[PDB]
Amino acid sequence: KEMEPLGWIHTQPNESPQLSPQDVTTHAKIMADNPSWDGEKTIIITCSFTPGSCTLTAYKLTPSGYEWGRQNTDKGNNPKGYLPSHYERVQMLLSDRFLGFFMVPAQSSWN
Amino acid sequence: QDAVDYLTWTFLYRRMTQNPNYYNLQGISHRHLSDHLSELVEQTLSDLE
Amino acid sequence: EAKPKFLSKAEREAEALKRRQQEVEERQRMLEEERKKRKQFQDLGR
């Protein structure tokens, strides 16, 4: 309750140079369903397992992408109306100066 | 009030401004310090009565 | 200020009630501001 939601972070089997239609539609659906998810502060962090490394990239959803995701219903890899103008890259960096923590379900596990 | 003034002399009162959490305190602010002193003195007086 | 005054329990609890009312008022105000910002984003994207 003292922190403001900032989005979600998810893994990727291999690096890609763009935000996927699946990720954008999921983000838009979550934002539409939940009012607390402001579209200007939330982001998507993609961790891609590149050869012997993890590459992290941050993406932000523009209003056009928000509308397209909230309206879309196709879960295929190449839905209609998805354009590179729907998302933009936001600056993200690491830090050794403070520590964050985790929160897992009570009765069960996560996976 | 004179009880609180009397407490303002004890070494305890000095440490309730540098190490408050030791004494169940939640802040070095004047409000917090006065409230804790009042609670402690009231509790002791009630028990004595 | 410097000298710590004594406060009765009734006064202390009244002050605590006033403080909690203040913070809930400020929470409602911030929620309304968030609603305004969300409307601005929605009608900018719309």
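In what follows, the structure referred to is the one given above.
Chemist: Let's hear about the overall build of chain A: which residues, and what values?
Modeler: Looking only at helices and strands, chain A features 2 helices and 4 strands. Starting at the N terminus, the α and β elements of chain A follow one another as β-α-β-β-α-β. Oriented by its inertia axes, the alpha-carbon framework of chain A measures out at about 40 × 35 × 30 Å. Surface accessibility of chain A: about 8100 Å² in total, with carbon and sulfur atoms responsible for 57%. When the 9 positive and 11 negative side-chain charges of chain A are each reduced to one mean point, those points stand 3 Å apart.

Chemist: Give a description of the interface of chain B and chain C that names residues and reports values.
Modeler: Taken together, the contact between chain B and chain C spans 11 residues of the former and 8 residues of the latter. For the chain B and chain C pair, buried surface summed over both sides reaches about 960 Å², with 53% attributable to carbon and sulfur atoms. Looking at the side of chain B facing chain C, the largest losses of area belong to B:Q1, B:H30 and B:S38, adding up to 41% of the total buried there. If you look at where chain B meets chain C, you find 1 salt bridge. Of the charged contacts, one joins B:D5 and C:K3 as a salt bridge, the two residues approaching to 2.9 Å between their closest N and O atoms.

Chemist: Which residues make up the packing of aromatic side chains, and what are the values?
Modeler: Residue and element names in this part refer to chain A. Throughout the structure, instances matching the rule amount to 5 aromatic pairs over all chains. Each ring, one from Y59 and one from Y87, has its centre 5.6 Å from the other, and the planes form 50°; the classification is tilted. Of this pair, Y59 sits in strand β3 (residues 53-61) while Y87 is found in strand β4 (residues 87-89), placing the two residues 28 residues apart along the sequence. Judged by relative accessible area, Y59 falls into the buried class, the value being 2%. Its relative accessible area of 14% is what places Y87 among the buried residues.

Chemist: Give a detailed account of the interface of chain A and chain C, specifying residues and quantitative values.
Modeler: Each side of the interface is counted separately: chain A has 13 residues, and chain C has 6 residues. Between chain A and chain C, the buried area comes to about 800 Å², and carbon and sulfur atoms account for 55% of it. Summed over the shared surface of chain A and chain C, the result is 3 residue pairs in polar contact. With 4 residues, helix α2 (residues 63-71) of chain A is the single largest residue contributor to the side of chain A that touches chain C.

Chemist: Please set out unusual backbone geometry residue by residue, giving values where relevant.
Modeler: For B:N24, which is not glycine, the phi torsion reads 65° and is therefore positive. Mapped onto the elements, B:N24 comes out in the loop between α2 (11-15) and α3 (30-48).

Chemist: Which residues make up the packing of α2(A) against helix α1 (residues 9-45) of chain C, and what values do they have?
Modeler: Taken N-terminus to C-terminus, the directions of α2(A) and α1(C) make an angle of 80°; their axes are 8 Å apart at the nearest point. The pairing of α2(A) with α1(C) is recorded here as roughly perpendicular in orientation. Of the residues in α1(C), those touching α2(A) at A:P63, A:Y66, A:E67 and A:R70 are C:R38, C:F41, C:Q42 and C:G45. Among the residues forming the contact of α2(A) with α1(C), the class breakdown is 3 nonpolar, 2 polar and 3 charged.

Chemist: So, the nonpolar core: which residues are in play, and what are the values?
Modeler: Side chains of a nonpolar character, in soluble globular proteins, are inclined to be buried together. Of all hydrophobic cores here, the largest spans 8 residues; its members are A:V24, A:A28, A:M31, A:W37, A:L61, A:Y66, A:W68 and C:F41. Top contributing element to this core by residue count: helix α1 (residues 21-33) of chain A, with 3 residues. Setting aside residues no more than four positions away along its own chain, A:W37 makes contact with A:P5, A:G7, A:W8, A:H27, A:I30, A:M31, A:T42 and C:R38. Residues B:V4, B:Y13, B:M16 and B:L37 belong to the second largest nonpolar core, which totals 7 residues.

Chemist: Could you give an account of the environment of B:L25, with specific residues and numbers?
Modeler: Residue and element names in this part refer to chain B. Along the chain, the position of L25 falls in the loop between α2 and α3. The spacing of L25 and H36 is 11 residues in sequence and 6.9 Å in space, taken between C-alpha atoms. Setting aside chain neighbours within four positions, we find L25 in contact with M16, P20, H32 and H36.

Chemist: Let's hear about α1(C): which residues, and what values?
Modeler: Helix length check: α1(C), at 37 residues, gives a terminal C-alpha distance of 53 Å against a target of 54 Å (1.5 Å per residue), a fit within 8%. Each element contacted by the buried residues of α1(C) is listed here: α1, β3 and α2 of chain A together with α3 of chain B.

Calculation notes
All residue numbers given refer to positions from 1 along each chain's written sequence rather than to the entry's numbering, and residues for which no coordinates exist are omitted. As they are written, the chains are lettered A onward and the ligands numbered 1 onward, keeping that order. Note: displayed chains form a subset of a larger assembly, with all reported quantities computed for the displayed subset only. For the side-chain quantities, the full set of heavy atoms in the structure was used; hydrogens and water were omitted. Put simply, DSSP marks the helices as runs of H or I at least four residues long and the strands as runs of E at least two long, and each gets a number from the N terminus on. Surface accessibility follows the Shrake-Rupley procedure with a 1.4 Å probe radius. Residue values consider only the protein chains on display as shielding. Just so you know, the count uses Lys and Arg for positive and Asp and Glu for negative, and it drops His and the chain ends. All charge positions are set by atom: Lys at NZ, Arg at CZ, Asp at CG, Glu at CD. Here, two residues are considered to be in contact whenever any of their heavy atoms come within 4.5 Å of each other. For any pair of parts, buried area is found by adding up, for both, the accessible area (1.4 Å probe) each one loses once the two are put together. Here, a salt bridge means any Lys or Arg side-chain nitrogen found within 4 Å of an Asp or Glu carboxyl oxygen. Aromatic pairs are defined between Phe, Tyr and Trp rings, using the six-membered ring for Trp, whenever the two ring centres lie within 6.5 Å; interplanar angles under 30 degrees are classed as stacked, those over 60 as edge-to-face, and all others as tilted. Three exposure classes are used, based on accessible area relative to the maximum for each residue type with a 1.4 Å probe and protein chains only: buried under 20%, partly exposed in between, and exposed over 50%. Definition of a polar contact: a pair of N or O atoms within 3.5 Å, with one able to donate and the other able to accept a hydrogen when the atoms are protein atoms, and with sequence-neighbouring residues admitted only if both atoms are side-chain atoms. Here the axes come from fitting lines to C-alpha atoms, over the contacting stretch only for helices, and the angles between their N-to-C directions go from 0 to 180 degrees. Reported orientations rely on four angle classes, namely roughly parallel under 35 degrees, roughly antiparallel over 145, roughly perpendicular from 65 to 115, and oblique for the rest. Here the term charged refers only to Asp, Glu, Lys and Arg, the term nonpolar to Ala, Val, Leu, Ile, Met, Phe, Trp, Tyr, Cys and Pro, and the term polar to all other amino acids, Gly among them. The definition of a nonpolar core used throughout is a set of buried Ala, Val, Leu, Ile, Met, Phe, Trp, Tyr and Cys residues joined through side-chain atoms within 4.5 Å. For a helix, the expected span equals 1.5 Å multiplied by the number of residues minus one.

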